[PDB]
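What follows is calculated from the coordinates using simple rules that are stated; it is not laboratory data. Backbone-built Cβ (ideal geometry, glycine too); neighbour counts: all protein chains shown.
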RNA sequence: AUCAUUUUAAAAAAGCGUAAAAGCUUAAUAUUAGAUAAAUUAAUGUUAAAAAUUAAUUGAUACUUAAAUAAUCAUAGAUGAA
Ligand SMILES: [Mg+2]
Ligand SMILES: [Zn+2]
């Protein structure tokens, strides 16, 4: 007698032809290479923040001799802060028996994991290292991009030499420094930093198979066809999901209060673009034999270098004139 | 002022919505209040709109059906497709993407048959 | 217009309300240009100190205030918020209206004289006012506002009234003083224009002219042209 | 202000009516905001309905709508079991309406009326069951309470009043004559 | 003023003698001089000055 | 393109785009309106 | 097809519609037959004097089809007849010299209403007030005159 | 507020799941072949219609990345049991092609060879001046379709050369 | 010169366009959906009413007046970061 929402009214919904029904006798991989899906959106969008992990950065060890050892993992602190304290420990500035007129130093340094280095910001790409080689012209600049990949070990050994006091005692000190790319040192009788290889599975947030079925609830379902892969969960269907945001009890309402909050969230996302990790992208191969994309055989040398006489069709073979089809099956 | 000489043509990218239709049937309950007016506006866009971008045999109607559960928008396309969309809960925007989900495919069906269902470039400039 | 013509013909009689209403406002204003409304206005404020400098206030969005006093009276200088000041303009009556300032239990009458704004930056520098006291002369600006009259015969046709002065400076000696002046120019003509002494003869007893400011009573305000056709016929011939 | 907390509830209401009932609200703002803020928290403790009568008649000049509802929402909870109480609400609710100019320009339709009948539906039993129990001082205030309220329903009390005057016609005062002659003249919406 | 257009003139009626009855059922508002014994000797001397003086000053207050 | 320090919009269709520290104007009608700031 | 390509205003004599080359500049490139066109015009306007110039509109279409529509003559020309002048003032408002009386306005408004499709909804005060503002732009006034004028045939460009 | 819309095709059927704790909310798509899930924060509220297979989103978090989240989500589902399509043309005198088993041979006034070779596409000729590509990913298609375009494109003076069948074309007068 | 009418609204037009015409867009505007309009101060004690309340602020949105702060860019010389 008045407007009551119906319950069981939905018509059939037209089913479209599948690519097998429409294009048999052709490459299956067409309808099986699915669309790309960038993961990095999701963790930002649907709110995954990695737990703050706080691993070790450096370490100081003594022996019954006078000799002390200073150990560093360059993947955990920045480069400069690692290099300041080296020059502060390599001398003995923490050792209260410090005379700068000493011909002898019982302080030794070790470094490890020099491949991966922390550089806060957009500095691994822009900053450079310059020098001159006696001859005219000269003035060779080089990028961190060269060191951080090919030989990153001059860099750590080059920045130390700039913080140390400019004198003759330097070489004796820098003779007592050692760097490694791997996660080890070869010395024996000393410890080694454990690497952090794990990566947080965020699976508990977007997967029922991780949780137990009795803790969960179904609030909505489309079909009368119920999956067998989902069995044991209740069905307490809300009357509330399908209601748009006007027909509900609580409405989010733009207002001087929430708009004031809106602007706080807006600065947050601008205030975070600054705290973003940039990476040296690697060089690239363009072998057509590897990619899933199409390509061109513009020239002849692209054949020999890649052995593409196969996928090229011979010239001694007929052609295809017109491939229209009138009737589309169902 | 000054005379344009670069002519930017935008006729081929023109993709209206009701173009692949053969007919339509509005359905109205006088007890709806949200599902009436949505169907009012569609019936205008079926006739108030331009006939170039429609078929030749396009006939839209309107009927008051008290017996229905909800007011509906039934439709029929060229190559066989047929559907109904009740309107007591939806919007005008949720409907259009359904129409694109058909109109985008009928091109993939008719182009394979050889039919040029596209427009000249000179129809609408910027 | 907003209703079809075919329905308006049925309701053409209704539009008397339109025209009968405009009788009421435009006549009311035309006779109420002269009178101050009887409504008290108040401005809470604070004293001056040597501490509160300008630029200190102007980040706090306050404003300085200045008052000039009269015979035997000392000057007074105060502090106030900007939005008070603009609201004081935003009345009709700003040219003359009496505004008070409550510091504490004290109240100081004033008038608007003017305001200065920093033109390149366009923020409020100060708000200047003039003291008013009852028993002593006080400068005010009485604007002139001329009514229309379809009762004279030359004014109706092809002639032009000329208002050479917008207002008059005077000295008032009593509480309630007139907002403005209103004139009915029927008896005027090309032969005689209005002169300030024709106003000086018709004022209350509490008012006088500030001769220090005006030039001479024989000065004239409202002038009337001759006819246009009598020129135009002569212009062509 | 040094001893606000030492007061009971109603001994603050007496300040409201003592100051705000006339042209200058003699007290300050802060001293009244204090009274205005305490009372609408402690409505759960004012014992009687007369104590609401004093309250509403003093707080009638409020500009905020939000707290009149708190009062009337309370009165809809506390039933009345006598007759002097109902008189003590009409005569007060009459003068102490919330005017429509203070209300917003956009609003539910005729929402001023819905504020009334929450009371009048809450009173209609008591004033109707025992209207024979009525006397000359409590007599006048009903004719006024209804005429000020613009209704046409309360005839039954009036019929019990028609029978009342004629009996006591001779023993009346000079005061109880005008209000009758002025009351019955415009009984049911100036009929 | 707006006031002249929404004012029930109080002349033509001994208002306060009439108006105080209709509230008199409200006990807490009933003023009581003798409730304030320390100043009652003072406050009442003032009211003599009111009525006894020329004109009708207190009688013109609300009126 | 032409390097205008003080950029300027000629037609309504002109619009601004920022690629990092880079700034420029482009037009969908007149490709001569486009600029750069340097 | 039924879509409207273009609209043109014209001016024609009633029964002397004829393929003048000074109208093919407009209707030439649209492929319309001036001869077949003017036939249907003169056929309708046989109940009208031939000296009079009317105006017409033509919704020229995409297939070079047409649908002609007839309107009353130019409102200015009708007044020059009554006024017995051919050319009017350079200026307006300042130079006011001409005079008609109302008793013909009430008669020439009926011309517009009896024919023009736009005024079918309209009353006569409405139409009469339309020309008075057109008269203000021309040097014309509305003043009572007992006399009648004598005939005049002011020009038209045709 | 912008209330973004998530389309779902008709072949797909879905469910929506929550805890008793109501602190977690996620959604499950399931087809004959595939299955796919994704969650929603506590700050994203949701509305569903079976009438349209559309879902509506509000975001109290005010993240602007969601507008990209849509296009991935929408196209990733229509990428199941449906193609994307595109069409290419040309107009000219000394132009042609030849087609042999997803290996298109182009001859457009160039000294060098111009073979086009499709890895995991479909290519079917409808006329001499027309060819359609078909593939399930839209992003590989354009990289596959545009390589054909770069050989010759539309002259701004004459519409002679290749072009897509839906595009903004430029023209400029010449030799009046 | 700036009138007037039909319209729910539409400038003898603020502009592009034409050999002159035609044609295109803004101002003004409608249908539908979504959707901002929230907080307060001062007055005549109580009697007019099928009815009507003044002066005034702050704030959300759009138009409008505009200024200020912060960062970025605004070409560089001659043995080699300089
Ligand atoms: Mg016009
Ligand atoms: Zn441009």
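The mean of 1/r over all pairs of different alpha-carbon atoms in segment C:178-224, once inverted, gives a Kirkwood hydrodynamic radius of 11.9 Å.
Normalised by the number of residues in segment H:26-113, the average gap of Cα pairs under 8 Å and 6 or more apart makes the relative contact order 12 percent. Dividing the summed helix terms, -39500 (n - 2.57) for each DSSP H run of n ≥ 4, by the number of residues in the protein assembly as shown produces a 222 nm estimate of -8000 deg cm²/dmol to the nearest 500. In chain G, Cα pairs under 8 Å separated by at least six residues give a relative contact order of 25 percent. Taking one quarter of the surface of the convex hull spanned by the alpha-carbon atoms of segment C:1-92 gives a direction-averaged projected area of 11.9 nm².
Peptide F:21-30 has a mean of 2 when you count, residue by residue, the C-beta atoms of other protein chains within 10 Å of its C-beta. The C-alpha atoms of segment A:54-129 occupy a region whose extents along the principal axes are 42, 27, 18 Å, arranged from largest to smallest.
In segment A:41-98, the alpha-carbon atoms span a convex hull of 107 Å³ per residue. Placing a pseudo-label 7 Å from each Cα along the Cα-to-Cβ vector at residue H:46 and residue C:35 gives an inter-label distance of 7.1 nm. Which log10 I(q)/I(0) values does segment A:83-216 give at q = 0.09, 0.10, 0.19, 0.20 Å⁻¹ under the Debye formula, counting every alpha carbon as one identical point scatterer? One equal scatterer on each Cα of segment A:83-216 leads to -0.46, -0.53, -1.23, -1.28. Within the listed set C:188, C:164, C:17, the Gaussian network model of chain C (springs between alpha-carbon atoms below 10 Å) gives the highest mean-square fluctuation for C:17. Take each residue of peptide A:203-215, count the partner chain Cβ atoms within 10 Å of its Cβ, and average: the result is 3. By the count of other C-beta atoms within 10 Å, a proxy for reagent exposure, A:83, G:130 are ordered fewest to most as G:130, A:83.
A P(r) calculated from all alpha carbon pairs of the protein assembly as shown, with 20 Å bins opening at zero, reads 6, 16, 24, 28, 19, 6, 0 percent. Computed over chain D, the P(r) curve from all C-alpha pair distances, binned at 10 Å from the origin, holds 8, 32, 32, 21, 7, 1 percent per bin.
For the peptide E:22-30, the mean number of other protein chain Cβ atoms found within 10 angstrom of a residue's Cβ is 6.
Computed from Cα atoms alone, the Kirkwood hydrodynamic radius reported for segment H:95-176 is 14.0 Å. Translational diffusion coefficient of segment H:34-88 (Stokes-Einstein, Kirkwood radius from Cα pairs, 10 °C, 1.306 mPa s): 117 µm²/s. Under conditions of 20 °C and 1.002 mPa s, segment G:45-120 yields 142 µm² s⁻¹ as its translational diffusion coefficient, taking Rh as the Kirkwood radius over Cα pairs in the Stokes-Einstein equation. For segment B:80-113, the residues whose backbone nitrogen is under 12 Å from a point 7 Å from the Cα of residue A:5, taken along Cα to Cβ, are B:88-90.
In this simple spin-label model, placing a label point 7 Å from the Cα along the Cα-to-Cβ direction at both residue A:172 and residue D:40 gives a separation of 8.4 nm. Can you compute the FRET efficiency between residue A:56 and residue A:154 using 1/(1 + (r/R0)^6), with r the Cβ-Cβ distance and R0 = 30 Å? Round to the nearest 0.05. The pair residue A:56/residue A:154 has a calculated efficiency of 0.75. A Förster radius of 45 Å combined with the Cβ-Cβ distance from residue G:86 to residue G:57 puts the calculated FRET efficiency at roughly 0.95. Computed from label points 7 Å out along Cα-Cβ, the spacing between residue A:298 and residue A:21 is 4.3 nm.
Going from the fewest other Cβ atoms within 10 Å to the most, the residues G:4, G:16 appear in the order G:4, G:16.
Take the alpha carbon atoms of segment B:11-32, find their center, do the same for segment D:67-84, and report the distance between the two centers in whole angstrom. With segment B:11-32 and segment D:67-84 each reduced to a Cα centre, they are spaced 58 Å.
With N counted as the residues of segment A:1-83, its alpha-carbon radius of gyration over 2.2 N^0.38 Å works out to 2.65.
By the beta-carbon count within 10 Å of each Cβ, the least crowded to most crowded order of C:1, G:45, D:177, D:41, fewest first, is C:1, D:41, D:177, G:45. Inverting the pair-averaged 1/r between distinct Cα atoms of segment G:84-158 gives 13.9 Å as its Kirkwood hydrodynamic radius. Evaluated at q = 0.11, 0.13 Å⁻¹, the base-10 log of the normalised Debye intensity for segment G:1-155, with identical point scatterers placed on the Cα atoms, takes the values -0.54, -0.73.
Placing a label point 7 Å from the Cα of residue A:236 along the Cα-to-Cβ direction, the residues of segment A:177-219 whose backbone N falls under 11 Å of that point are A:216-219.
Within the listed set A:271, A:286, A:311, the residue fluctuating most in the Gaussian network model of chain A (springs between alpha-carbon atoms under 10 angstrom) is A:311. By the equivalent-ellipsoid construction on the alpha carbon gyration tensor, chain A comes out with semi-axes of 59, 37, 21 Å, ordered largest to smallest. By the Cα gyration tensor, chain E has an equivalent ellipsoid whose semi-axes, rounded to whole angstrom, run 26, 19, 11 from largest to smallest. A Förster radius of 60 Å combined with the Cβ-Cβ distance from residue D:167 to residue E:48 puts the calculated FRET efficiency at roughly 0.85. Based on Cα contacts under 8 Å between residues 6+ apart, chain C shows a relative contact order of 17 percent. When all alpha carbon pairs of chain B are counted in 10 Å bins from zero, the resulting P(r) reads 11, 37, 29, 14, 6, 2, 0 %.
The per residue volume of the convex hull around the alpha-carbon atoms of chain C is 263 Å³. Only alpha carbons enter this Debye calculation for segment D:135-191, each as an equal point scatterer, and the log10 of I(q)/I(0) it gives at q = 0.12, 0.25, 0.26, 0.29 Å⁻¹ is -0.25, -1.07, -1.14, -1.36.
Divide the volume of the convex hull around the Cα atoms of segment D:27-107 by the residue count and you get 115 Å³ per residue.
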